[PDB]
Number of protein chains: 4
Amino acid sequence: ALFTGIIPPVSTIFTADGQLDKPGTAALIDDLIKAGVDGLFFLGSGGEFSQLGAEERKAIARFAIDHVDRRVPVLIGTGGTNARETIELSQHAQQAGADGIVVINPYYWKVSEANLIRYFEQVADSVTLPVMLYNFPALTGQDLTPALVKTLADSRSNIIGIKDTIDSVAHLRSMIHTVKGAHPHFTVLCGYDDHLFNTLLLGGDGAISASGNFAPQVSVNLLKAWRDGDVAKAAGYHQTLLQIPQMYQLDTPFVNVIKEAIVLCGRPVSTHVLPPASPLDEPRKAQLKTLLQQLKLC
Amino acid sequence: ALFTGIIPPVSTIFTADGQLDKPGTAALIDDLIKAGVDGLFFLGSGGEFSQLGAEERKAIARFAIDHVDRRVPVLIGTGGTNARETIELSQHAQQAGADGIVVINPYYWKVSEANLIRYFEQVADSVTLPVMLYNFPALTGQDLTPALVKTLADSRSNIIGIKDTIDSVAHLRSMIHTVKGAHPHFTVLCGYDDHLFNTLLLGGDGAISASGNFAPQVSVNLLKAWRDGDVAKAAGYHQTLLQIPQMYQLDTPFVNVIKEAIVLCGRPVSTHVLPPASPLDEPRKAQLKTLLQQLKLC
Amino acid sequence: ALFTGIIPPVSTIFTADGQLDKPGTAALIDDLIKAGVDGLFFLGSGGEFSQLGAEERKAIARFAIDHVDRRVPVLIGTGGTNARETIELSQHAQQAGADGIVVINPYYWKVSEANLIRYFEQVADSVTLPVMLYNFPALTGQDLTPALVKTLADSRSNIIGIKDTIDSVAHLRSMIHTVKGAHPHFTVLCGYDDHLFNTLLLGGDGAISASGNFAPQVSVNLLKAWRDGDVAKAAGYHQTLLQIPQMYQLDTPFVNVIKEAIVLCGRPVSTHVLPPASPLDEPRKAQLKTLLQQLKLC
Amino acid sequence: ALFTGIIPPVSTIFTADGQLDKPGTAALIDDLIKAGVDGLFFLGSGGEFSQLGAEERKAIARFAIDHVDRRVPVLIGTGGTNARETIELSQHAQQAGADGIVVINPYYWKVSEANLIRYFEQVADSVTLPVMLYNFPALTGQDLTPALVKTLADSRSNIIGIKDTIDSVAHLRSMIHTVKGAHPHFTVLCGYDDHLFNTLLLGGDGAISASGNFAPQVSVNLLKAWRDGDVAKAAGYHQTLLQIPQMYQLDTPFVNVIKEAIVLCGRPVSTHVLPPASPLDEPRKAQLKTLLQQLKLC
């Protein structure tokens, strides 16, 4: 099983001009590796992939991969609506030294099932890297069903995992039963902090969630306790993770909230976010600070 | 805080003629009280209230309350679309000796917010009993928001709880935060087996869920372990509760599955369900058995 | 084709104490027959079926059937969630002298397709009357697809039409293509005022819509002009029907608006509605008046 | 009022290698101008904007603008998820000689209302050109409400129109009332063939719809009859438009269908579409043919 455990969707740090901030991004990366995470996911939703151009995306992927320097496995989010660009980004990721790619379904047109299967087959066939699917139906408007994901895992042997970003115990349970039933080593990662514990108890593999960025120790220590067989200690961390997502209601998008949390929890970086996201105002930063303090996160 | 803990939505047991089966109903009630439940809820969704006439509802309430004979707190589900009837069913439940009523929002017309607040205020004023709200938006098509629930709890002091039937950590967390923040003794009970653990860890109060009928020991042992500070033990029971809901997929509606489970787990009753529900077939009964066996429930 | 043309969903008139107002209801019935409608539909959504008990429904049906006295075809809405009651209301409608019944799908539980087919088969077999289906997915949360409706028309020969209540050209077109393609005399009536014209141009058969109560001359004259080949005259009435539904925004439910409009347009009746509906306040009554006056309807 | 009447969302013609086909696109352009359209819209949804890179889009806009050579007004679709790119495409379109831009809301993140208002204000402030909004909630997952459109029309005087792409008489009626009530020359165009007639009768201004490509004469002729006060002639064209959208069911996306209809109605071009769209198979091409022949379109 590839890409198991805690694999944060790393924020991309930008300067005030909206250019990749190399020292800031590098420092966040080294904080996360230092914290014991199992891998790093660049250019996911929280990494602002959808607000970046293709060449910006390539430059960021290359920098991120080079800085990591094989210390942990690296995943690159290569999806979008332009399928030709997906292939271009996916092959670039492979050429630059990524260990895998993460591919969301096209989120403008909700393409027919036949087009959807064909889309994922051809992205898969375009690289010889492992491929992880990315389900985010709140944003895409099209759920990757456990049945369709099984079909894909049946069709292509490099389709080996999923980030299932959904607030649903049923979706996760059924994803694990349906797909891991047929494909024992298929990786099921939840996209939400507050589902890591259940995911593990259901027989899934970990999480790619936002709090990996500013509070990686909570998820890391939950996974460690769980693997140790210390279910009480695991559940104590889960109790914190249950409460964290209150801060994501502060703005939409909440990539600004995640970067301000990174700052408040001890890492000085530019908080700049790319439009149409916008800075978190002072009242909502104070609100964030008090929540992080209440959770003993800073 | 009223109605806390494990409060099963008791199945209504009927003979072949579609008439109340008093001995079957009595025996189920007596099984559940013996299992150590904290209360009994009659004529919830799983009790088939929506397939019953007003007079039959009154007959069932009467019989159930009298048999319970004050051994545990009793809730009666009195809602529907006919608000005159809701008031009639509520005052009947009070006169008959109920300890509280559970009231769903009208589920044909999704009435305006002003009509909805008025409805709930009107039914709460019709009785002097405690009133629990019932949120089940998958069936009602209209969610009872934490903000609207708070308004109701501010507005009437006998509106004291909610059964929040939803597969959503966010909805439960926000319910608890919003309403219990304002009303510390307001009772939050989840409607799904697989959210009990999370509900307790979030600061809520228990569950009214289907497995209460055929595996009450699992939720009962979970609540007891939790209240004893033995979180690992509680998590062990949660792991069973996480898996149980796959049986509910066998039919729609799944009131037939619940009764077949009661029989399989050791209580012989007739498993008759009211139209438009229909008998569970032999192949699906066979799948139910092996799931219950796999979970060590029979 | 049975039950074609203009068939108003007649409001039920009640006294201030919430009982059937016989003179008021009889006079509304007589206005509509005088206005040239093709049928009368009692106890539809606008007739407040979902707010009335079983015995009130029987009483209203009997009175309405008797007052009409075979001068136009009479339909009775017999649906609900209690399928045993649907059968008993449908059999009563037949014995009382109704010409057909209109049956909505169960709208609490969205039953499996197997259960849904079985339900409509059972109701259709309980009577030797014409059966019209009622699709209202905004309220039911479950669409009667053209495929499913064709399966029902294939299955029972007394399932002979549908009231399709949806703001969708595509749903109406596909309903007509699919069902009338296999059953040329299956009747398709739209449930909204502003789709009557399109329904006719698409090859369907008329409307059961709210404005049939207070402005029946608009629909009746549209249908007449269309059959006369005076398409420009039809389109002029259509322009009025396009603007009418802004008045329905005044309340939810808007059964109060419909009764107030009957009054405003010349027929003094009591405008009492059953909870959870409530009286229309004086400002919205005035707004309703100004909308009617703008459309030259009073 | 700017950009009224019939403004097709022009197909982008590509060669078998996926590059802009200049002579094919030029021929389509000249066919439409010659058919009497009131303007041309490049890089809408049907123009495959979402499957194209930013540089590809700039090349297409430049070529289409230069080929039209001021013969009719030209709109360019500039939107996407990357707001910085939206501004860059919008400024490029103005510098290239476009008459206006059409801007969809961001369709990955559904941004907060504040972020959404701010986005359209900054795109509008980036150009001195007329701006038309684009509502397509089936694809974006975020409806531009009549109330929000009116707030934008109040805020920026170059925000002067909307393409409202919705199967809804209610949405169109309310859009027209709310926004044109406040701004009499704000232009409301429907996005669907089968709502053109209702749009005009409601007080709106025309259509940007797929059949403008292959059957422009139907819409042009309808608009001409309407403006002539010959409503019966207009309604005869509408009867064809009511039936056209069956063909769009043949694939998702249906950009392939539109180009194959262009070919079947008499203009030989390459019918290549960009992934994740795919070629229409021979069976579905025949089906398209028979549908066009039935409507006397080829």
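K.L.:
Is there a simple way to think about the sheet that holds strand 2 (residues 9–10) of chain A in this case?
P.N.:
In a beta sheet, neighbouring strands are held together by backbone hydrogen bonds and run either parallel or antiparallel to one another. All names here are of chain A. One open sheet holds the nine strands; their spatial order is 1-9-8-7-6-5-4-3-2, and the pairing between them is parallel. Here the strands that pair on one side only, and so sit at the sheet edges, are strand 1 (5–6) and strand 2. Pairing of strand 4 (residues 74–77) with strand 5 (residues 100–104) involves three bridges; the strand directions are parallel. Each residue of the ladder has a partner; that of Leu75, found in strand 5, is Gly100.

K.L.:
Quick question: what am I supposed to make of the interface of chain A and chain D here?
P.N.:
Frequently, the measure chosen for interface size is the accessible area removed from exposure when the parts meet. Contacts between chain A and chain D engage 37 residues on the former and 38 residues on the latter. Of the roughly 3300 Å² buried between chain A and chain D on both sides combined, carbon and sulfur atoms contribute 57%. Contact with chain D buries area across many residues of chain A, yet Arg84, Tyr108 and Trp109 of chain A alone supply 28% of it, more than any other trio. Across the contact surface, chain A and chain D share two salt bridges. Note that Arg84 of chain D is salt-bridged to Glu56 of chain A, the shortest N-O span being 2.7 Å. Taken together, the links from chain A to chain D amount to 18 residue pairs in polar contact. Of the residues forming the side of chain A that touches chain D, the biggest block, three residues, is contributed by helix 4 (residues 113–125) of chain A. Taken together, the residues of the side of chain A that touches chain D sort by class into 21 nonpolar, 12 polar and four charged.

K.L.:
Help me understand the sheet that holds strand 7 (residues 159–164) of chain C in this model?
P.N.:
Residues and elements named next belong to chain C. Read from one edge to the other, the open sheet built from nine strands follows the order 1-9-8-7-6-5-4-3-2, with strand pairing classed as parallel. With partners counted over all chains shown, the strands left at the sheet margins are strand 1 (5–6) and strand 2 (9–10), one partner each. Sheet strands in contact with helix 4 (residues 113–125) are strand 5 (100–104), strand 6 (131–135) and strand 7, and its direction is about 160 degrees off that of strand 5.

K.L.:
What is the right way to read the relation of the copies chain C and chain B from this model?
P.N.:
Both copies of the chain are tied together by a single rotation about an axis and a shift running along it. You can overlay chain C on chain B at an RMSD of 0.2 Å; the transform is a turn of 180 degrees with a shift of 0.1 Å along its axis. These values place the two chain copies in the arrangement generated by a two-fold rotation axis. Taking C-alpha positions as reference, the residue of chain C nearest the rotation axis is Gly141 of chain C, located at 3.3 Å. Counting the interface residues of chain C, we find that 100% of their copies in chain B are interface residues as well, pointing to one common contact surface.

K.L.:
Would you take a moment to explain the interface of chain C and chain B for this structure?
P.N.:
Taken together, the contacts link 36 residues of chain C with 39 residues of chain B. Ranking the residues of chain C by area buried against chain B places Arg84, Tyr108 and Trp109 of chain C at the top, with a combined share of 28%. The interface formed by chain C and chain B contains two salt bridges. Summed over the shared surface of chain C and chain B, the number is 18 residue pairs in polar contact. Only helix 3 (83–96), helix 4 and helix 5 (137–140) of chain C provide two or more residues apiece to the side of chain C that touches chain B. Counting residues per element, the side of chain C that touches chain B draws most heavily on helix 4 of chain C, at three residues. Grouping the amino acids of the side of chain C that touches chain B by side-chain chemistry returns 20 nonpolar, 12 polar and four charged.

K.L.:
I keep staring at the relation of the copies chain A and chain D and nothing clicks. Help me out?
P.N.:
Of the transformation placing chain A onto chain D, the axial shift is 0.1 Å and the rotation is 180 degrees, giving an RMSD of 0.1 Å. Of the interface residues in chain A, 97% have counterparts in chain D that sit at the interface too, so the contact is made through matching surfaces.

K.L.:
Got a minute to help me understand the arrangement of the chains in this structure?
P.N.:
If you take every C-alpha in chain A and every C-alpha in chain C, the smallest gap between them is 18 Å, and the two do not touch. Chain B makes no contact with chain D; the smallest distance between any of their C-alpha atoms is 18 Å.

K.L.:
Help me understand the UniProt feature "active site" in chain A in this model?
P.N.:
The residues that UniProt annotates with the feature "active site" are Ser45, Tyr108, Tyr134 and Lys163 of chain A. Here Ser45 of chain A falls in the buried class, since its relative accessible area comes to 3%. If sequence neighbours within four positions are ignored, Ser45 of chain A has contacts with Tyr134, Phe136 and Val255 of chain A together with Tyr108 and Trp109 of chain D. Here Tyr108 of chain A lies in the loop between strand 5 and helix 4. Excluding anything up to four places from it in sequence, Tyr108 of chain A contacts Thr81 of chain A together with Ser45, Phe49, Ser50, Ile104, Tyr107, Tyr134, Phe136, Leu139 and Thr140 of chain D.

K.L.:
Please clarify how the environment of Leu241 of chain D should be interpreted in this entry.
P.N.:
Residue and element names in this part refer to chain D. Checked against the element boundaries, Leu241 lands in helix 10 (residues 231–241). Owing to a relative accessible area of 0%, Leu241 belongs among the buried residues under this scheme. Contact partners of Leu241, with chain neighbours within four places excluded, come to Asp193, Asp194, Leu196, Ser211, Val218, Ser219 and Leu222.

What counts, and at which threshold
- Residues numbered from 1 in each chain as written, not as in the entry; some residues may be left out.
- Chains lettered and ligands numbered in written order.
- Heavy atoms only, no water.
- Residues with missing side-chain atoms left out of burial classes, pairs and counts.
- Pairing = 2+ DSSP bridges.
- Helix = DSSP H or I, 4+ residues; strand = E, 2+ residues; numbered from the N terminus.
- Contact = heavy atoms within 4.5 Å.
- Buried area = accessible area lost by both parts, 1.4 Å probe.
- Salt bridge = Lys/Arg side-chain N within 4 Å of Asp/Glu carboxyl O.
- Polar contact = N/O pair within 3.5 Å; in protein donor to acceptor, adjacent residues only side chain to side chain.
- Nonpolar A, V, L, I, M, F, W, Y, C, P; charged D, E, K, R; others polar.
- Axes fitted to C-alpha atoms, helices over the stretch in contact; angles between N-to-C directions.
- Least-squares fit on C-alpha atoms.
- UniProt positions renumbered as here; feature names shortened; annotations may be inferred.
- Buried < 20%, exposed > 50% of the residue type's maximum accessible area, 1.4 Å probe, protein only.

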